[PDB]
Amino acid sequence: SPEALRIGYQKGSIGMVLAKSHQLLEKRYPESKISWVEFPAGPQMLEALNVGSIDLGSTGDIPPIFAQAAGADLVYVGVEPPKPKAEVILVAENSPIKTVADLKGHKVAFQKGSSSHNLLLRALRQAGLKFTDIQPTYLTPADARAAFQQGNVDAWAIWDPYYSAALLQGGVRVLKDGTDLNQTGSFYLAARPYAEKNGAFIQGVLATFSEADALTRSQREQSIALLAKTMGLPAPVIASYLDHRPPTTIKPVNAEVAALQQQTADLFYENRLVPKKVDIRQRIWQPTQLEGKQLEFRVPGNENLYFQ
């Protein structure tokens, strides 16, 4: 284990947040200085990873494409399953819009460059539409939430927990979720030299986050109370939020996931969202457990006296 592990996490990095709350890493690795740094979103976290002020971070599938397209050598060390039920396009319940095709000509709010921008490009494409076929309305979630409530847009593409919060307030309906959109999953990233130097350690760390995520099922009451506090949201919103997640696993990134991530990188480059095509497979860490090298010798001679 290394001298220190500085972890970048977000409020929705469930494995990380539960591991932190339960002090699992501090207890498992008493010889490492474990530290936790909360970021407001993936891009800011990856900036920190890239200047070297943190060693391991959790983000969705989109932020890493931006960083890597800019030349960051950050590697994918682990992937979690996608959450198709947690990523949605919402309309008002009694909206005459019944399918994604019905969005043609309408105003749709979402954050530019976000997981919702990706969902929306893909959903529209299924229905034989492009962004030139609607009025894309680029807004961050607080600004979008207001516009949607005021009937200034007809649909809002957004992620959880905003989704669950809007849902419980009533009046809204999921027009489309990520289910048939073959989503990729969320990722854990590190700098390549740290991953290569600390292979066994990282694997154990990730395995710890996966154990911690499982507490949301085995200790649901306690975990809901924790996340209501840390996220600052009502317990029923957290309950809905957990109900939209599949069982979490953290695994090495396989060929299939790599190909899905490559598809998204291509989509983003094709739409000039990033300036470069990226070779996603070059950024996949093949797990290793490299033993550190030590230079050690012995001078035998007279009887060994243990200590004089």
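The first residue of the sequence shown is number 1, and the count goes up from there.
- Relative to one another, 272-280 and 254-262 have unequal mean CA B-factors, and 272-280 is the one with the higher figure.
- For the pair 296-304 and 14-22, the mean Cα B-factor is higher in 296-304.
- Going by the entry's values, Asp73 shows the largest Cα B-factor out of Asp73, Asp102, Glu221, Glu211.
- Ranking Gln68, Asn50, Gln44, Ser240 by Cα temperature factor from the entry places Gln44 first.
- Split the chain's modelled residues into thirds by C-alpha temperature factor. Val88 is in the lowest one.
- When all modelled residues of the chain are sorted by CA temperature factor, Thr59 is found within the lowest third.
- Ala228 sits in the middle third of its chain by CA B factor, as recorded in the PDB entry.
- When the modelled residues of the chain are ordered by their C-alpha B factor, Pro141 lands in the middle third.
- In the deposited entry, the Cα temperature factor of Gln126 sits in the middle third of values across the chain's modelled residues.
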